[PDB]
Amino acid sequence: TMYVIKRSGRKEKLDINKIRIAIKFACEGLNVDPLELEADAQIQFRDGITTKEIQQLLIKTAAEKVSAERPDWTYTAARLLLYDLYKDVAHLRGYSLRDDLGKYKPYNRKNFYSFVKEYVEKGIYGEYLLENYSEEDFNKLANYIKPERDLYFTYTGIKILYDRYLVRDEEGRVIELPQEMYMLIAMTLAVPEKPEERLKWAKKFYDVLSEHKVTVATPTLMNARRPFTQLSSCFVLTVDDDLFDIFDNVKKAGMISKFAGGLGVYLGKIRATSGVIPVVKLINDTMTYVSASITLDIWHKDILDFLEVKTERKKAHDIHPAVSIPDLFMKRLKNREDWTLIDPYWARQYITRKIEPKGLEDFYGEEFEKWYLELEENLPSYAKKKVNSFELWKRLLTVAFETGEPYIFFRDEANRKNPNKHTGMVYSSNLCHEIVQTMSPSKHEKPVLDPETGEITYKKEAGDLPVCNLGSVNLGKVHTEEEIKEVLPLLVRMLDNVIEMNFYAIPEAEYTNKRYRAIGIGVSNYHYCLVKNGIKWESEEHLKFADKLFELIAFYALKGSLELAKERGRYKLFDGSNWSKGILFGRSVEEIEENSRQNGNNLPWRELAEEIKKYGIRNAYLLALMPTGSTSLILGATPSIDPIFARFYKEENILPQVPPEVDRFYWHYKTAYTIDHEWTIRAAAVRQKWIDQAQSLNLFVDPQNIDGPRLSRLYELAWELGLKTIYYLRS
């Protein structure tokens, strides 16, 4: 007689029937063969095996079977893991998975209040949960949880969630279940709401999260619950040519990278050659000590050395370079003409003495060109350098092809579209290059010593430091007007609540968020949305459909922000904005109304333009298509606006990934490296008409299929059609 070791030490006679039951529950409703997995378990059986070992084998074997031809094995693997998690957490919190009548209850509604209370008192959960909810509130919300929504998770979804999202105790054990996580996130985001409305909003937030219609960013997904509510995704720093500010921004970069991430740094003001790259080296070393973008204008004298940072004694391998390019450079490139490099220091002096200093970088477009033409002659030989446009352009694309960097920032279109151009301008984007928000450096005052006490007090006037508060819409489940009309206003509300509940580590961050209340709404499952609507990627139908879809998203994004303004008040800096003059996405309402008719949406854009002029909007910025990374893997969605990499592939920590309904739509899905990205860019240009910020546009090129002069044509077309950024260039 063969034996098996159980959780409670002990020893029990092998029962083949109990393994059959576990497999049957896990395969229920799913297009798989339970007999196949039963056979594999017979082969994997060994006398004295632990019940824990048996469960780990069924999970792994099921995950090994995931394919483009049988994708449902992922759901079988996920459930087998879920059934193991339920048992672990039940034993840790001291309840049973059986009720009075002996039915299976993975979730314990009675335990919810006791559980959260205990781990609030251990410093794992934040105090604001007990302060803003009564025992009856907890009990009411515990009974609202829908345990059947755990059946929405792919194996990689729950595996990623289990590995670094589900909260753990001091000894590193998982304590909360997926639906408990979602409810606690909803409860955290509902705190800023009026006490008589709080439970009503917590239920709506829980619904839209648990049903996988929207997701909040990774920071919010793992911190909204905890004492330290770090909910911010990225920061954008502006550095003045000044020992004090340079070392101040180096400090912020170090503080940011320890606690948060997504750092972007503009060094275009810094003096030309110590120079600028010692400052780049200085930021690099703080990065290593504890994922940051550094931006430089393409006319900066040190640009040649800056492009070579990631590829002779002056390199930096922990930073991501980016290049701010004006229209004039692109105009020069057409006729293969020459390009004059300049030093900001001598450029600043000249302009400042020709009129609170003003450099060249403090102008864009029509004005910038006037100053540049005058500066490229009337400056002395020591503050200039002559180079060929095509020679520079060619070397950039060569580095881009080998390293993937640098990222591009088309500063002229970015600035003339900035709807808050009345409060300043924008010198760079963030790391992922979706953000376009007004920015400026902090100003310092001389410190003061009190000899009696020994305390020193220094003061600084806060500058505009864009924080990004991010979420995304699952286009798999939200693509109709009815679905968009419900969901977008709810996501706008959640992200405005994120700003109120965020723990601010940098004071300038708090100052900027309170004045602007900027948010970034993106999308996932874009490619799946096209395929199930029978739309080919490389077609006129793609461009026409993208136009129609992103019009709806923009309309109900503004509608949502308007309602918050009526209810909470407009953002402080609304008066003077493009919004306040009835200019939406840098276009007249007559232009939009004509676009609305061609799209077959026929939305009331004029009536909305009038209500925004009267009541304002709650948020200074709204839409930015960010790279969606871990949040789409949890949703089982295709990433952002990217075309899929493959119909099936893996990763390592095994994370097998298939697009939604890949078996049903096999050939309707076309992989990234097989697509002519002239279409990708035309499609992005159509979307850009309804996006106030930018898009993290990747380009996927095959060395065999693409050459030097064709790669140039893509980048040139991006500029021509009015894109503000380009992100990674993969191969």
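In case it trips you up, residue 1 is the first one in the sequence shown, and so on.
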(message) Zero if continuous, otherwise a range: how many residues of the deposited sequence are missing coordinates between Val290 and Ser291 (none, 1 to 3, 4 to 9, 10 or more)?
(response) 4 to 9
(message) With respect to the deposited sequence, is there a break between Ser134 and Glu135 in this entry, and if so is it 1 to 3, 4 to 9, or 10 or more residues, or none at all?
(response) none
(message) Mean Cα B factor from the PDB record: higher for 74-82, or higher for 248-256?
(response) 248-256
(message) If you take the mean CA temperature factor per stretch, which one wins between 99-107 and 174-182?
(response) 99-107
(request) Name the residue from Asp302, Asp547, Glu661, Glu483 with the greatest C-alpha temperature factor listed in the entry. (result) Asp302
(message) Can you tell me which of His527, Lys459, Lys417, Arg493 has the maximum CA B-factor listed in the PDB entry?
(response) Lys459
(message) Where does the C-alpha B-factor of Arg570 rank in its chain, lowest, middle or highest third?
(response) lowest
(message) Ranking every modelled residue in this chain by its Cα temperature factor as given in the entry, which third contains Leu721?
(response) middle
(request) Divide the modelled residues of the chain into thirds by Cα B-factor and specify which third, lowest, middle or highest, holds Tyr128. (result) middle
(request) Could you say whether, by C-alpha temperature factor, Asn698 belongs to the lowest, middle or highest third of its chain? (result) middle
(request) Select lowest, middle or highest to describe the third in which the CA B-factor of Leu558 falls within its chain in this entry. (result) lowest
